[PDB]
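A single chain comes next, written as structure tokens; it is the form deposited in one PDB entry.
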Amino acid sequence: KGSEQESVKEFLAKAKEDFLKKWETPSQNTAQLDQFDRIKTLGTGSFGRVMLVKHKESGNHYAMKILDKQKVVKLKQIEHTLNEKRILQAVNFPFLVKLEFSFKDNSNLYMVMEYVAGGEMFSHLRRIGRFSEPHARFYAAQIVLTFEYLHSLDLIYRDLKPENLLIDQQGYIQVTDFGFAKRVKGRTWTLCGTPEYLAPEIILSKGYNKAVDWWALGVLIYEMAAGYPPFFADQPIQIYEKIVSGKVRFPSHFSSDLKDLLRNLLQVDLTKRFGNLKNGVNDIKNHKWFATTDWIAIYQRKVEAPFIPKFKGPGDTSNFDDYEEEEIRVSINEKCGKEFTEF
């Protein structure tokens, strides 16, 4: 409705004022390790390992991330870790992963995350091959609203790619990596992200901004509807060439409306790019390809998902053979306390 369309600003106002509060004075040690019971070890990486845990007071399940202080310092990841936490701690949106708790001890940092049964968008896209445009419309719409939200808080996401897109047990999306995201007011210059998803401005080494996120959406949609990215080659150098010379040959089965949106979002002219015009986000929301989408209902999660993963996460969890390796030793003396005081 007219003026009800304006009621979007009412939520955004409350969203920013709630963000800053947390962004200014961030939370620390909202839990301690002996408040959880280790159920299974879900996976192990370079930072450390992720475990499925049960909160003793509630019986709720989370994916706790343990990351070795000393191993982070080695990997030169101090800045990403801190920035990711500070962003996640302050953020609040249905299609973003929720940092429930956060703490540390002498030996390692702890990020207690809402556990999501359902794989990455990448591997799932491999299985199906390509999504039907109504399927991709459902995923796009979520990424759009997510981006509206984040841009409002003057945050570029800078890392949109299928691997960073987990699927709800409800079949909806959860966005999962924030090591790259920046609270930028004007413009920034850091080269980071995956070649296929870089907007020409990143590659050109001029400054860029939040427009870059809108480009990536374009690439992400194309891939979901085509089963492959629009700009792709056997070398990153070549992938750049094809992006800067932004000529996008669609598949035959691609809708004319879907074509119209893609030529709008995938636009080397960042003064002619959908997302960065008079109406900003609304141009993308009011487009002919998105007339059949109820954004507010997408937000409510009141839209029936096109597919629900049967991940069996909560119960079957990790087969983990029988008796395997796991022990969380916390050192007698503190290590790297200086570097992670902010955490």
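Start at 1 with the first residue shown and count on from there. In this text, the rigid core denotes the largest set of C-alpha atoms whose superposition between the two forms falls within 1.5 Å.
Absent from the display: the form deposited in another entry. The rest refers to it.
Comparing C-alpha positions between the shown form and the other one after a rigid core fit, one residue in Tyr149, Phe138, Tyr110, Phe231 moves 2 angstroms or more. It is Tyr110. In the core-superposed comparison between the shown form and the other one, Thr41 has its Cα shifted by at least 2 Å. Core-superposed comparison between the shown form and the other one: the CA of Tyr62 exceeds or equals a 2 Å shift. Put the two forms on the same core and the Cα of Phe101 is off by 2 Å or more between the shown form and the other one.
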